[PDB]
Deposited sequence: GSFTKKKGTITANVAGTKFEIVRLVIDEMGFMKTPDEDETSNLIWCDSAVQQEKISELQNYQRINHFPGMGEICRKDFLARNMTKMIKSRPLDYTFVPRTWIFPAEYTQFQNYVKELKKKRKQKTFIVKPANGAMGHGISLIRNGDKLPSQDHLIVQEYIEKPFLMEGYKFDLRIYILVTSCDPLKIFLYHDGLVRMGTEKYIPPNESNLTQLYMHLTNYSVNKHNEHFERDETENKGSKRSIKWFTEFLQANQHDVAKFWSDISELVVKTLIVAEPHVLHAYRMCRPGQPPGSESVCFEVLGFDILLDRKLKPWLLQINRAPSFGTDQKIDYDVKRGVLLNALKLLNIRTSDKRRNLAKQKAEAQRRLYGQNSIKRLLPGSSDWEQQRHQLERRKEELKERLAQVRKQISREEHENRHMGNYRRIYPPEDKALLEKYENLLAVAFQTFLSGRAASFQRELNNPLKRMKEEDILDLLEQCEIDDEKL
C-alpha cells in the first residue's frame, strides 16, 4: 500500500502526522517507501536513487537560497537587474569578499554626515577581518507589538519546480522579544492577524506582500533548483510528476510600515512541539502538506504560484526570465 520511511526525522509530530495520514512505517533500511522524510538536507545522490513513484521532502539546489551567503550573492545579482521588484532584501555584504565594497559604503555615509546600524551574522551590531561572516543593514524601525520587536516564521510548501508550484500556509510562529525594543514569548500568526484587525491594519495587504515576497524569493532559487533536479533525475519523462517537495521556513521581519523583510530561509526548520502553539500550527503545516501531495498507488494552504491573477503571473514569468538569464551568466 502507501508506505513511509521516517528514519531521517527526529520530530514526533512528523511521525505522528505521517501515522495519522495512513502511512505504514517501513524499517529504516527500506528504500522502497512511497514517502521519504528527512529533517536536514539530503545528498543529491540520494535524490538520484529515487523511483518515479517516491516522494522526498527536499529539493536539490535549494541551498542557493537557504545559505545566507548564497542567498545574499544571488539576490544581489537579482537586485542589479530588477531593483524595483526586489526591495524586501536588506543590503548584505559577504565577508571576506565584500570587505572593500562595504568600507566604501561607510565612506560615503560618513561624508554625507549620515549614520546607519549594521548587524553581523555567523551575532552582534555595529555602527561602522578575514573571517567568513556577513554584514547586513539593520532594520532600525521594526513593527512593534505593544512595544516589542518580534519575528515571523511562515511556512512555504513547494510541491514542484517543473512546473513551479508554491503554497503559503496562512498561519505560523511569532517570536516576541524578551525586553522591550529601542533603537521569548511565542504566538501564532493567526492571532497576529487578529491583532492587526483590531488595530485596523490591512491584513489582506500583509498576506499579499508576504506572498509576493516568497514567490520572488523562490524565483531566484528556481533556476538553481530546476537544473539540479533535472541532472539528478534524468529518468523522468517530460511530464513526470515531481519526486521532490519541500517545507521551507521563512524568517521574516516587518518594519514600522509593515513591509516584510527577508532574513533567511530554513530548509530544516525545527518541528519540535513543547507548546500548544507549536503543536496546532506545525501539525497543520505537515498534515496539510501531505494532503496536497495526494500520495496514492489544502486546508490552511493557499497557492501563491501560479497566481490566479494574470497580470501578476506575467510579472513573475518576466522575473523568471531574468532569473534564468542571470543564472547562466554566473555559471
{"property": "Chain regions without C-alpha coordinates, deposited sequence numbering", "result": "1 to 8, 131 to 138, 145 to 149, 205 to 237, 352 to 419, 454 to 487"}
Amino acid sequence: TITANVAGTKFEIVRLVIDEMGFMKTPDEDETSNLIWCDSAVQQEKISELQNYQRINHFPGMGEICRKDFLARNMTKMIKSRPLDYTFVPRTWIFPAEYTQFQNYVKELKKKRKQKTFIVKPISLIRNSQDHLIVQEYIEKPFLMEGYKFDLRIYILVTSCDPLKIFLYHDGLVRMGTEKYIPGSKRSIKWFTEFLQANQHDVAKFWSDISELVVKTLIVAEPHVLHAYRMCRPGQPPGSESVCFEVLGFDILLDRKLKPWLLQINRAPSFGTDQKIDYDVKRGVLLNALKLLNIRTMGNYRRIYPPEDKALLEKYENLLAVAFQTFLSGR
From here on, numbers count along this sequence of modelled residues.
query	finding
Which of 162 to 170 and 144 to 152 has higher mean CA B factor, as the PDB entry lists it	144 to 152
Comparing 7 to 15 with 305 to 313, the one whose average Cα B-factor in the PDB entry is higher	305 to 313
Selection from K110, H224, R230, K216 [criterion: highest C-alpha temperature factor in the record]	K110
Identity of residue with top Cα B-factor, from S188, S242, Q115, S211	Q115
Chain-relative CA temperature factor third for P238	highest
Record-listed C-alpha B factor of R296: chain third	highest
Within-chain third of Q275 by Cα B-factor, per the entry	highest
Chain-wide C-alpha B factor ranking for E49, given as lowest, middle or highest third	middle
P122 - which third its CA temperature factor falls in, relative to the rest of the chain	highest
